[PDB]
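Heads up, the Cβs are rebuilt from the backbone with ideal geometry, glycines too, and the neighbour counts pull from every protein chain shown. Each value in this text was obtained by applying a stated rule to the coordinates, not by laboratory testing.
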Amino acid sequence: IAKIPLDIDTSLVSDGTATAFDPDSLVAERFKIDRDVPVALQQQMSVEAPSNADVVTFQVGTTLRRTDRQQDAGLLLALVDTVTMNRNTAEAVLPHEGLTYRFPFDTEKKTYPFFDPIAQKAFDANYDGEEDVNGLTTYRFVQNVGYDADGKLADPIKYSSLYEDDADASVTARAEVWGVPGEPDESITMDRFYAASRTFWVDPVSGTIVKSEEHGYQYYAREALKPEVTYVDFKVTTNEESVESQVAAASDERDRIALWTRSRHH
């Protein structure tokens, strides 16, 4: 019965650490990889047209940046995603499928298909137990993309040049520039791959994802299962202020759902 509201406008930040290619070393003598770098992953979500009684469209801008740099520097990743979803089920109507940014109302202790926009497919978000988050009893879900349930790199996504985003899907450079073994001035072509793992903490009543943990791994390799050079390898978790903001938003949605449900009954 409940519907996703049309006034969603959120800005959520997840802090963590990464190993990443320094964008400013692109034309240097060697590709520079910075290790154990502090990062912040920011997600801006707003409602856009088409949105009506049946559907809601969300435009989501995601950026990853170094936090030991001022605002004009340390820019690592920047992605935009747009999805139209059913307001009652949160399922998608690039073509998306399943859940994308929210879980359904009255979320159950079961598996849900959860879209990964880089993999361009839904992967299972498996129920993993209950957990308290700031006084709210949440359901935990775990999703693996390119990793099998045992956490082993198994089917990482190979980037297409059409959807390579900010970095080339295929890169040719000297072994010396890549920093890998090779013959003198050997030329090596590597392809970029992607694998990720995420945990979601969900309010079962509103379906709001109040907290998330995300591990994203992008790397260059000649063979998918033998990574050679990291492009970005990050692990982030929703920060305390953003968790508080989502817990407050979920609580306000629960209060409105409760008011409407009680009015429909006696």
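State to the nearest 20 debye the size of the charge dipole of the chain about its Cα centre, where the only charges are +1 on K and R beta carbons and -1 on D and E beta carbons.
Working: 26 positive and 47 negative charges, 144 e Å.
The calculated dipole for the chain is roughly 680 debye.
What value, in deg cm²/dmol to 500, does the helix sum -39500 (n - 2.57) over DSSP H runs of n ≥ 4 give at 222 nm once divided by the residues of the chain?
Roughly -3500 deg cm²/dmol at 222 nm, from the helical runs in the chain.
Efficiency by 1/(1 + (r/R0)^6): what FRET value for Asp54 and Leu75, r their Cβ-Cβ distance, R0 = 30 Å, to the nearest 0.05?
E between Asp54 and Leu75, to the nearest 0.05, is 0.20.
Taking a ≥ b ≥ c as the square roots of the Cα gyration tensor eigenvalues, with a/c under 1.5 meaning rounded and otherwise prolate when a/b beats b/c, else oblate, which class fits the range 104-181?
prolate
Among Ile4, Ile157, which comes first, then next, by fewest other beta-carbon atoms within 10 Å?
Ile157, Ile4
Assigning unit charges at the beta carbon (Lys, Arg +1; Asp, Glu -1) and nothing else, what dipole magnitude in debye, to the nearest 20, does the range 216-266 show about its Cα centre?
340
Scan the range 161-221 for GluC sites (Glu not before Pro) in coil per DSSP, keeping those whose Cβ has at most 16 other Cβ atoms within 10 Å, and list them by number.
Here the sparse-neighbourhood loop sites are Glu164, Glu186.
How far, in nm, would the chain grow between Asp68 and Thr17 when pulled straight, counting 0.36 nm per residue and subtracting the alpha carbon separation?
17.2 nm
Taking a temperature of 10 °C and a viscosity of 1.306 mPa s, what whole-number D in µm²/s does Stokes-Einstein yield for the range 116-266 with Rh from Kirkwood over alpha carbon pairs?
87
Can you list which of the trypsin sites (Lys or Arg not before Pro) found in the range 133-193 are DSSP loop residues with at most 14 other C-beta atoms within 10 Å?
In loop regions of the range 133-193 (DSSP not H, G, I, E or B), the sparsely surrounded trypsin sites (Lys or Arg not before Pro) are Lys152.
In vacuum, with every alpha carbon of the chain counted as one equal point scatterer, what does the Debye formula give for log10 I(q)/I(0) at q = 0.07, 0.09, 0.14, 0.15 Å⁻¹? Two decimals, please.
Treating every Cα as an identical point scatterer, log10 I(q)/I(0) equals -0.28, -0.46, -1.01, -1.14.
What nm distance separates the two modelled labels at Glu241 and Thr189, each placed 7 Å from Cα along Cα→Cβ?
My value for the distance between the label points is 4.7 nm.
Looking at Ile209, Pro181, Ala20, which one has the Cα that reaches farthest to the positive end of the dipole of the chain (charges on Cβ: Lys, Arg +1; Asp, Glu -1)?
Among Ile209, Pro181, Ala20, the one farthest towards the positive end of the dipole of the chain is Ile209.
Between the range 86-134 and the range 178-209, how many Å separate their Cα centres?
The range 86-134 and the range 178-209 have Cα centres spaced 21 Å from each other.
What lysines could a cross-link reach from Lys152, if we take a straight Cα to Cα line under 28 Å and drop same-chain neighbours fewer than 8 places away?
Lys32, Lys109, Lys110, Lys121, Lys211, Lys226, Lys235
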